[PDB]
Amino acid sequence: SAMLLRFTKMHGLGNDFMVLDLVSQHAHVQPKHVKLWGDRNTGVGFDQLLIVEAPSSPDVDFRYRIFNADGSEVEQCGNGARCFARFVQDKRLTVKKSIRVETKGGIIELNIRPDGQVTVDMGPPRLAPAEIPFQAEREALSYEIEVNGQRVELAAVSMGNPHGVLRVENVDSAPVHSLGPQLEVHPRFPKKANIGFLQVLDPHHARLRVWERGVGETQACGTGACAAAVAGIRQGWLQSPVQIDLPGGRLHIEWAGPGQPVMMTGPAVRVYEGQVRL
């Protein structure tokens, strides 16, 4: 029963994390704590809490768990892996550059690069509409959808959560805050969807804004960047590798095509070191 817990505040392109080393510290963090610490007015303030633990499994380097500020063990945009990797390196918990980490969904493989960015294996995309889930007659590269009188062409992709991706001529003037929420809860998305607005600059470079399910516009949705790159490659607009500029900064997406994993590379930054009493 420690007096206090040491933590590091980190962010991956503006998605901000409270990170805890529970390898070296012993404590049982209760849901109560997640909710107290997550509050931006009266707490530390974070999008997610990331807890690093000893591998409860062999041939794995670490375990981690991710909680949102409301206490639930959900991680929509999948950027926490990069903060984890930079954290265990920065805190000298490992000298490995290729790290295998046990997570809720399975095993994440990641690699820390010499320039300090982190490449994360995000798994293959799911493209069959009913699996996304999305209502359509058959799998297609693009779907026509009627949204309160507007006909939109939307690609639908799952990175483990549902995404719809629409191409825009101009990401800065795109209707993110108007059409985002209309598509997010469209009946054809029975579990709702993250909605990406994708501006193609050339086959290897795009700009992206994402309306995140349940949240609104975010600085950098990793799985959204993955989905948008996949959607653009499938339609021939993009070719791997794709540099994707988000409001929070730049991600690099690699995808060799159907059935192959999407690889996401980007930065993760330390903001400050903190101590919070239990």
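All residue numbers are counted from 1 along the displayed sequence.
Comparing the deposited coordinates for 25-33 and 205-213, the stretch with the larger average C-alpha B-factor is 25-33.
52-60 and 227-235 differ in mean CA B-factor, and the higher of the two is recorded for 52-60. Remark: of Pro162, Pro187, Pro124, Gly80, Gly80 shows the highest value [criterion: C-alpha B-factor in the PDB entry].
Within the listed group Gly196, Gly106, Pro133, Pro181, the record reports its top CA B-factor for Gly106. When the CA B factors of the chain's modelled residues are split into thirds, the value for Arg138 lands in the highest one. Annotation for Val269: C-alpha temperature factor in the highest third relative to the rest of the modelled chain, per the entry. Sorting the modelled residues of the chain by their CA temperature factor places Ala220 in the highest third.
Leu5: CA B factor lies in the middle third for its chain, per the PDB record.
Ranked by C-alpha B-factor against the other modelled residues of its chain, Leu93 falls in the middle third.
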